[PDB]
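With PDB, C-alpha atoms and all ligand atoms inside, this is query.pdb:
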MODEL        1
ATOM      1  CA  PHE A   1       0.000   0.000   0.000
ATOM      2  CA  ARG A   2       0.959   3.755  -0.609
ATOM      3  CA  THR A   3      -0.636   7.118   0.455
ATOM      4  CA  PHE A   4      -0.720  10.559  -1.334
ATOM      5  CA  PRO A   5       2.062  13.216  -0.262
ATOM      6  CA  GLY A   6       1.420  14.337   3.370
ATOM      7  CA  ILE A   7      -1.155  11.546   4.293
ATOM      8  CA  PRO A   8      -4.676  13.198   3.416
ATOM      9  CA  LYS A   9      -7.535  11.430   5.396
ATOM     10  CA  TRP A  10     -11.110  12.476   6.500
ATOM     11  CA  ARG A  11     -11.337  13.841  10.156
ATOM     12  CA  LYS A  12     -15.070  12.757  10.759
ATOM     13  CA  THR A  13     -16.674   9.123  11.365
ATOM     14  CA  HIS A  14     -20.275   9.452   9.964
ATOM     15  CA  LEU A  15     -20.261  10.396   6.116
ATOM     16  CA  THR A  16     -22.421  12.484   3.699
ATOM     17  CA  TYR A  17     -22.276  11.572  -0.132
ATOM     18  CA  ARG A  18     -24.008  13.081  -3.282
ATOM     19  CA  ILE A  19     -24.577  11.193  -6.644
ATOM     20  CA  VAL A  20     -23.973  13.722  -9.643
ATOM     21  CA  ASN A  21     -25.349  11.876 -12.793
ATOM     22  CA  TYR A  22     -26.024   8.338 -14.224
ATOM     23  CA  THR A  23     -24.047   6.935 -17.218
ATOM     24  CA  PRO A  24     -26.104   5.865 -20.507
ATOM     25  CA  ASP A  25     -24.430   2.310 -20.656
ATOM     26  CA  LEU A  26     -26.120   1.114 -17.331
ATOM     27  CA  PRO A  27     -29.606   1.459 -15.539
ATOM     28  CA  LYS A  28     -30.014   3.444 -12.221
ATOM     29  CA  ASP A  29     -30.415   0.453  -9.730
ATOM     30  CA  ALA A  30     -26.962  -1.259 -10.569
ATOM     31  CA  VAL A  31     -24.867   2.097 -10.255
ATOM     32  CA  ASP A  32     -26.595   2.659  -6.857
ATOM     33  CA  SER A  33     -26.264  -1.099  -5.712
ATOM     34  CA  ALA A  34     -22.314  -0.844  -5.897
ATOM     35  CA  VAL A  35     -22.028   2.930  -4.794
ATOM     36  CA  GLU A  36     -23.742   1.255  -1.682
ATOM     37  CA  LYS A  37     -20.993  -1.636  -1.890
ATOM     38  CA  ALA A  38     -17.991   1.028  -1.551
ATOM     39  CA  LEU A  39     -19.994   3.199   1.090
ATOM     40  CA  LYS A  40     -20.235   0.005   3.125
ATOM     41  CA  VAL A  41     -16.403  -0.418   2.033
ATOM     42  CA  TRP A  42     -15.755   2.413   4.482
ATOM     43  CA  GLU A  43     -18.419   1.267   7.110
ATOM     44  CA  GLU A  44     -16.771  -2.330   7.222
ATOM     45  CA  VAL A  45     -13.214  -0.521   7.741
ATOM     46  CA  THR A  46     -13.771   1.336  10.996
ATOM     47  CA  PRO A  47     -17.241   2.918  11.826
ATOM     48  CA  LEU A  48     -17.200   5.210   8.492
ATOM     49  CA  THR A  49     -20.933   6.161   7.856
ATOM     50  CA  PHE A  50     -22.572   7.853   4.768
ATOM     51  CA  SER A  51     -25.854   9.899   4.085
ATOM     52  CA  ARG A  52     -27.288   9.914   0.354
ATOM     53  CA  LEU A  53     -27.916  13.320  -1.264
ATOM     54  CA  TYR A  54     -29.186  14.632  -4.636
ATOM     55  CA  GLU A  55     -28.769  18.483  -3.976
ATOM     56  CA  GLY A  56     -26.242  20.773  -1.939
ATOM     57  CA  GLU A  57     -22.568  20.377  -0.892
ATOM     58  CA  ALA A  58     -20.905  17.393   0.936
ATOM     59  CA  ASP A  59     -17.178  16.741  -0.420
ATOM     60  CA  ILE A  60     -17.788  13.255  -1.721
ATOM     61  CA  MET A  61     -19.792  14.104  -4.768
ATOM     62  CA  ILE A  62     -19.424  10.982  -6.952
ATOM     63  CA  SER A  63     -18.718  12.305 -10.553
ATOM     64  CA  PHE A  64     -18.437  12.617 -14.380
ATOM     65  CA  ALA A  65     -17.174  14.483 -17.544
ATOM     66  CA  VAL A  66     -17.947  13.730 -21.202
ATOM     67  CA  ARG A  67     -14.473  14.848 -22.655
ATOM     68  CA  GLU A  68     -14.155  18.332 -20.897
ATOM     69  CA  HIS A  69     -15.861  20.653 -18.333
ATOM     70  CA  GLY A  70     -13.425  23.406 -16.845
ATOM     71  CA  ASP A  71     -10.864  22.539 -14.084
ATOM     72  CA  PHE A  72      -7.339  21.181 -14.843
ATOM     73  CA  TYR A  73      -6.974  17.647 -16.427
ATOM     74  CA  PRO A  74      -8.484  16.980 -20.084
ATOM     75  CA  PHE A  75      -9.657  13.395 -21.015
ATOM     76  CA  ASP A  76      -8.492  10.822 -23.617
ATOM     77  CA  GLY A  77     -11.896   9.033 -24.458
ATOM     78  CA  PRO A  78     -11.272   5.119 -24.660
ATOM     79  CA  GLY A  79      -8.560   3.347 -22.505
ATOM     80  CA  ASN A  80      -6.097   4.353 -19.522
ATOM     81  CA  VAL A  81      -7.708   7.210 -17.310
ATOM     82  CA  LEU A  82     -10.818   6.021 -15.369
ATOM     83  CA  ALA A  83     -11.468   9.539 -13.827
ATOM     84  CA  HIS A  84      -9.795  12.476 -12.320
ATOM     85  CA  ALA A  85     -10.720  10.470  -9.212
ATOM     86  CA  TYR A  86     -10.027  13.322  -6.490
ATOM     87  CA  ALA A  87      -8.576  12.562  -2.954
ATOM     88  CA  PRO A  88      -9.237  14.046   0.687
ATOM     89  CA  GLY A  89      -9.227  17.863   1.089
ATOM     90  CA  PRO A  90     -11.379  21.040   0.223
ATOM     91  CA  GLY A  91     -13.741  21.346  -2.878
ATOM     92  CA  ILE A  92     -11.866  19.826  -5.958
ATOM     93  CA  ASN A  93     -10.094  17.233  -3.464
ATOM     94  CA  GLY A  94     -12.913  14.540  -2.436
ATOM     95  CA  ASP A  95     -15.165  13.865  -5.245
ATOM     96  CA  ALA A  96     -15.029  12.096  -8.627
ATOM     97  CA  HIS A  97     -15.117  13.222 -12.331
ATOM     98  CA  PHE A  98     -15.146  10.326 -15.019
ATOM     99  CA  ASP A  99     -14.368  10.710 -18.655
ATOM    100  CA  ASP A 100     -17.099   9.611 -21.285
ATOM    101  CA  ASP A 101     -14.995   6.632 -20.233
ATOM    102  CA  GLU A 102     -15.790   2.992 -20.982
ATOM    103  CA  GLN A 103     -18.751   0.661 -21.923
ATOM    104  CA  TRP A 104     -20.102   0.147 -18.346
ATOM    105  CA  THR A 105     -21.203  -3.397 -17.330
ATOM    106  CA  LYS A 106     -22.399  -5.271 -14.203
ATOM    107  CA  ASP A 107     -20.101  -8.285 -15.296
ATOM    108  CA  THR A 108     -16.440  -8.247 -16.786
ATOM    109  CA  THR A 109     -17.522  -8.570 -20.591
ATOM    110  CA  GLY A 110     -17.713  -4.765 -21.221
ATOM    111  CA  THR A 111     -16.136  -2.888 -18.237
ATOM    112  CA  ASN A 112     -16.937  -3.802 -14.559
ATOM    113  CA  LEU A 113     -18.363  -0.838 -12.562
ATOM    114  CA  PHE A 114     -17.738  -2.577  -9.086
ATOM    115  CA  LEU A 115     -13.888  -2.828  -9.577
ATOM    116  CA  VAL A 116     -13.637   0.826 -10.968
ATOM    117  CA  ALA A 117     -16.067   2.397  -8.282
ATOM    118  CA  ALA A 118     -14.187   0.624  -5.294
ATOM    119  CA  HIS A 119     -10.659   1.796  -6.736
ATOM    120  CA  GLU A 120     -11.664   5.462  -7.741
ATOM    121  CA  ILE A 121     -13.800   5.978  -4.500
ATOM    122  CA  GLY A 122     -10.588   4.469  -2.778
ATOM    123  CA  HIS A 123      -8.520   7.320  -4.453
ATOM    124  CA  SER A 124     -11.232   9.776  -3.080
ATOM    125  CA  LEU A 125     -10.918   8.364   0.538
ATOM    126  CA  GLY A 126      -6.980   8.386   1.086
ATOM    127  CA  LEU A 127      -5.170   5.344  -0.489
ATOM    128  CA  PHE A 128      -2.981   5.966  -3.682
ATOM    129  CA  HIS A 129      -1.167   2.990  -5.542
ATOM    130  CA  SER A 130      -0.360  -0.488  -4.160
ATOM    131  CA  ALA A 131       2.280  -2.530  -6.170
ATOM    132  CA  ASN A 132       0.605  -6.018  -5.688
ATOM    133  CA  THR A 133      -2.095  -6.858  -8.477
ATOM    134  CA  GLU A 134      -4.691  -8.647  -6.132
ATOM    135  CA  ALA A 135      -4.917  -5.616  -3.633
ATOM    136  CA  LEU A 136      -7.412  -3.577  -5.937
ATOM    137  CA  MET A 137      -5.268  -0.243  -5.741
ATOM    138  CA  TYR A 138      -3.022  -1.425  -8.735
ATOM    139  CA  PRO A 139      -2.260   1.300 -11.550
ATOM    140  CA  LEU A 140      -3.989  -0.694 -14.470
ATOM    141  CA  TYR A 141      -7.454  -2.411 -14.844
ATOM    142  CA  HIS A 142      -6.932  -6.144 -15.881
ATOM    143  CA  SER A 143      -9.780  -8.732 -16.481
ATOM    144  CA  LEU A 144     -11.247 -10.692 -13.398
ATOM    145  CA  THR A 145     -13.448 -13.308 -15.243
ATOM    146  CA  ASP A 146     -14.715 -14.913 -12.023
ATOM    147  CA  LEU A 147     -16.046 -11.840 -10.016
ATOM    148  CA  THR A 148     -16.816 -14.087  -6.905
ATOM    149  CA  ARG A 149     -12.931 -14.270  -6.185
ATOM    150  CA  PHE A 150     -12.792 -10.359  -5.751
ATOM    151  CA  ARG A 151     -11.776  -9.893  -2.062
ATOM    152  CA  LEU A 152      -9.744  -7.012  -0.374
ATOM    153  CA  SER A 153      -6.159  -8.280   0.349
ATOM    154  CA  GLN A 154      -4.492  -8.274   3.842
ATOM    155  CA  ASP A 155      -1.991  -5.377   2.839
ATOM    156  CA  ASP A 156      -4.800  -2.768   2.455
ATOM    157  CA  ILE A 157      -6.669  -4.056   5.741
ATOM    158  CA  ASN A 158      -3.386  -3.819   7.941
ATOM    159  CA  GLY A 159      -2.523  -0.311   6.473
ATOM    160  CA  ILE A 160      -6.026   1.378   7.024
ATOM    161  CA  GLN A 161      -6.446  -0.318  10.392
ATOM    162  CA  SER A 162      -3.151   1.594  11.221
ATOM    163  CA  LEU A 163      -4.800   4.713   9.313
ATOM    164  CA  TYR A 164      -8.362   5.395  10.911
ATOM    165  CA  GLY A 165      -8.143   2.854  13.980
ATOM    166  CA  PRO A 166      -9.774  -0.811  13.928
ATOM    167  CA  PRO A 167     -13.655  -1.508  13.947
ATOM    168  CA  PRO A 168     -15.640  -1.587  17.410
TER
HETATM  169  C1  LIG F 201      -6.028  14.602  -6.029
HETATM  170  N1  LIG F 201      -4.744  13.990  -5.559
HETATM  171  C2  LIG F 201      -3.976  13.228  -6.315
HETATM  172  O1  LIG F 201      -2.939  12.993  -5.683
HETATM  173  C3  LIG F 201      -4.256  12.716  -7.781
HETATM  174  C4  LIG F 201      -4.364  13.738  -8.957
HETATM  175  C5  LIG F 201      -4.397  13.171 -10.381
HETATM  176  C6  LIG F 201      -5.621  12.987 -11.000
HETATM  177  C7  LIG F 201      -5.734  12.313 -12.232
HETATM  178  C8  LIG F 201      -4.568  11.820 -12.839
HETATM  179  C9  LIG F 201      -3.323  12.085 -12.269
HETATM  180  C10 LIG F 201      -3.242  12.738 -11.042
HETATM  181  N2  LIG F 201      -5.411  11.766  -7.769
HETATM  182  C11 LIG F 201      -5.357  10.575  -8.316
HETATM  183  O2  LIG F 201      -4.282   9.950  -8.511
HETATM  184  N3  LIG F 201      -6.458  10.120  -8.855
HETATM  185  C12 LIG F 201      -6.493   9.090  -9.839
HETATM  186  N4  LIG F 201      -7.459   8.961 -10.632
HETATM  187  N5  LIG F 201      -7.418   7.946 -11.516
HETATM  188  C13 LIG F 201      -6.285   7.252 -11.434
HETATM  189  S1  LIG F 201      -5.971   5.967 -12.360
HETATM  190  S2  LIG F 201      -5.292   7.844 -10.124
HETATM  191 CA    CA F 202     -10.542   6.500 -20.621
HETATM  192 CA    CA F 203     -13.474  16.610  -4.724
HETATM  193 CA    CA F 204     -19.160   5.589 -21.668
HETATM  194 ZN    ZN F 205     -13.172  17.986 -12.249
HETATM  195 ZN    ZN F 206      -5.626   4.390 -10.236
ENDMDL
END

Show me the file's structure as structure tokens.
Amino acid sequence: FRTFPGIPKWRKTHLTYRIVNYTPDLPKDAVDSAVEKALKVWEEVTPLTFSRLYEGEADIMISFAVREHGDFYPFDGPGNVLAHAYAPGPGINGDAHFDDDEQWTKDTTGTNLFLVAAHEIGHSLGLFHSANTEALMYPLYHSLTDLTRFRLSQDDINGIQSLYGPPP
């Protein structure tokens, strides 16, 4: 496991998240079923909570960008960059921003939204890049055919136990 320069983490136990928009390649109920799998990600860590919003400000606004919008990093279209997935801090640091990225799927055939939402929300919550392959926080998206074998490795559990403090 590795963390961003200076060690940026969220100083508050109960969370507050906002969904920005839904992608055209998937229906509403699957995108919300796994946003709920990473939100729990946090809640299974230590006691990290989460409250669902549709309006206002709460710096975990899960997001998107079809090519460009107006900030700092332009997009490529197919392949490489999943999002400017942004890490803990004020405003621009917190929240996501996808490209008109990939052909989103529930299974591995097109592009698995579970794997990508748990890794980019992971970039929004504090962890950077783990050089392991099976630990999820690896720099490139591979091809897990059998999605039932997708478990969080011991490396990430030991590190964030030593980051926010173990579960009660
Ligand atoms: C905000 N703090 C950070 O330190 C960086 C900024 C950045 C953003 C986008 C590309 C390079 C660099 N965030 C970050 O690595 N997010 C990632 N998103 N998708 C990845 S693959 S890795
Ligand atoms: Ca891309
Ligand atoms: Ca942000
Ligand atoms: Ca797309
Ligand atoms: Zn942005
Ligand atoms: Zn990454």

How would you report the residues lying within 7 Å of ligand CA 203 (chain F), as a PyMOL selection string, if you count all atoms listed in the file? chain A and resi 59-61+86-87+90-96

Residues within 6 Å of ligand CA 204 (chain F) (all atoms listed in the file), as JSON, numbers by chain? {"A": [100, 101, 102, 103]}

Would you mind listing the residues within 12 Å of ligand LIG 201 (chain F), counting only C-alpha atoms and all ligand atoms, as JSON, numbers by chain? {"A": [2, 3, 4, 5, 6, 7, 8, 9, 63, 71, 72, 73, 74, 75, 76, 79, 80, 81, 82, 83, 84, 85, 86, 87, 88, 89, 90, 91, 92, 93, 94, 95, 96, 97, 98, 99, 101, 116, 117, 118, 119, 120, 121, 122, 123, 124, 125, 126, 127, 128, 129, 130, 136, 137, 138, 139, 140, 141]}

Which residue gives the smallest distance to residue 39 of chain A among A:65, A:146, A:51, A:110, with only C-alpha atoms counted?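 With only C-alpha atoms as the atom set, the closest residue is A:51.
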
Quick one, how far is atom CA of residue 47 of chain A from atom CA of residue 160 of chain A?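 If I compute the distance from atom CA of residue 47 of chain A to atom CA of residue 160 of chain A, I get 12.3 Å.
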
Excluding same-chain residues fewer than 4 positions from segment 19-26 of chain A, what lies within 8 Å of it counting only C-alpha atoms, as a list in words?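 The neighbour list is residues 30, 31, 52, 53, 54, 61, 62, 63, 64, 103, 104 and 105 of chain A.
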
As a check of understanding, name the residues that the PyMOL selection byres (((chain A and resi 14) around 8) and not hetatm) selects in the supplied structure, as a count of residues only. 8

Spell out the residues picked by the PyMOL selection byres (((chain A and resi 106-109) around 7) and not hetatm) here, as a list in words.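 Evaluating the PyMOL selection byres (((chain A and resi 106-109) around 7) and not hetatm) on these coordinates yields residues 105, 110, 111, 112, 113, 143, 144 and 145 of chain A.
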
Kindly save the residues from that selection, with C-alpha atoms included, as an mmCIF file, in the coordinates of the input.
data_model
loop_
_atom_site.group_PDB
_atom_site.id
_atom_site.type_symbol
_atom_site.label_atom_id
_atom_site.label_comp_id
_atom_site.auth_asym_id
_atom_site.auth_seq_id
_atom_site.Cartn_x
_atom_site.Cartn_y
_atom_site.Cartn_z
ATOM 1 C CA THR A 105 -21.203 -3.397 -17.330
ATOM 2 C CA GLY A 110 -17.713 -4.765 -21.221
ATOM 3 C CA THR A 111 -16.136 -2.888 -18.237
ATOM 4 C CA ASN A 112 -16.937 -3.802 -14.559
ATOM 5 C CA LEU A 113 -18.363 -0.838 -12.562
ATOM 6 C CA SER A 143 -9.780 -8.732 -16.481
ATOM 7 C CA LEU A 144 -11.247 -10.692 -13.398
ATOM 8 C CA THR A 145 -13.448 -13.308 -15.243
#

Take atom CA of residue 66 of chain A and atom CA of residue 18 of chain A and report the distance between them in Å, one decimal. 18.9 Å

Might you spell out which residues the PyMOL selection byres (((chain A and resi 152-157) around 8) and not hetatm) would select in the displayed file, as a list in words?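 Here the PyMOL selection byres (((chain A and resi 152-157) around 8) and not hetatm) matches residues 1, 45, 134, 135, 136, 150, 151, 158, 159, 160 and 161 of chain A.
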
Figure out the distance between atom CA of residue 57 of chain A and atom CA of residue 27 of chain A, please, to one decimal in Å. 24.9 Å
